[PDB]
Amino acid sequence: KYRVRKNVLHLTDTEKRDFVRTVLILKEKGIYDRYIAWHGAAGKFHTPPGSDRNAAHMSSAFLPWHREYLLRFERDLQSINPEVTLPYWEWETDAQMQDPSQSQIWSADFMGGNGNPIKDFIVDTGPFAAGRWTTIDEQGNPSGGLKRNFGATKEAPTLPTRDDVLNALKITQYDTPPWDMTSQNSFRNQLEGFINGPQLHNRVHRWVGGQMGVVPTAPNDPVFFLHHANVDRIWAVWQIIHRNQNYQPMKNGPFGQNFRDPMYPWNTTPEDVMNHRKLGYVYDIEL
């Protein structure tokens, strides 16, 4: 209830500055890489082995996994600067623009801009530009700096619309068997973006491109957390709307996907994080 997560575009110049500086500190201390690694490791952890489900994606645990992910991350933010909370990128609103790359989120004082085509789409503006921000690859070894390539792919030329979000919120069931990419009438799978994909969450990843378009490397871009803060907001909206609806599956799903199964790489269960207000934060739209 205490911590307010604000729309990025509604942040003050000081708020934008403080967040960035805090993220940079986390990076310098070595704390930020933990999250990159955590995300990568979970992607390789299949539930069960052989299937295309993993601890963090393509299954029911997708939403609670990332909520815990962001929760831990926001806590680390506060440990540096107690006035700093995790803001969210409301991409569905930016989709209304003729050129979403002109959105203030991509300004030099915050996330920085698109990749430079002349420099192989290396980001050379903002606080996370090359020579200011080092990235790591799939193996955990140093890369060559952050990359972005907005709407370059055929599959995801645009950002998800407000309509896309509203249609997702209409879904009655949190998730359906067989709790994977093939799940239908599943809010989880729809929001994740596999219903006629890439949509919503998956579409944003592919739209940004660079490290964000690739699962093991995605958190190398700070906008990852901004993205998923919005995803976690949409989920929280859905929960309030459908309060008679609960997490699925409760039982008999793959291990790691059930209501009280531990979510690798943590002992945290989906139940632990089903109530976001209990976790000590709220989105500004709730006020």
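Counting begins at 1, following the sequence as shown. Rigid core: the largest C-alpha set superposing within 1.5 Å between the two forms.
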| item | value |
| --- | --- |
| Between 251 to 259 and 237 to 245, the one whose CA atoms sit farther away in 5 other deposited structures of this protein (rigid core aligned) | 237 to 245 |
| Greater mean Cα temperature factor according to the PDB record, 243 to 251 or 52 to 60 | 243 to 251 |
| Between the two ranges 134 to 142 and 183 to 191, the one averaging a larger CA B factor in the entry | 183 to 191 |
| Residue with maximal Cα B-factor (values as given in the PDB entry) among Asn196, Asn114, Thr158, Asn202 | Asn196 |
| C-alpha B-factor winner, where the candidates are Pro87, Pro177, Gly210, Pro216 | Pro177 |
| B-factor third for the C-alpha atom of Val237 within its chain | highest |
| Modelled-residue ranking by C-alpha temperature factor, third containing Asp261 | middle |
| Chain-wide C-alpha B factor ranking for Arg206, given as lowest, middle or highest third | middle |
| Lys44, C-alpha B-factor rank within chain (lowest, middle or highest third) | highest |
| Lowest, middle or highest third - CA B-factor, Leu77 | middle |
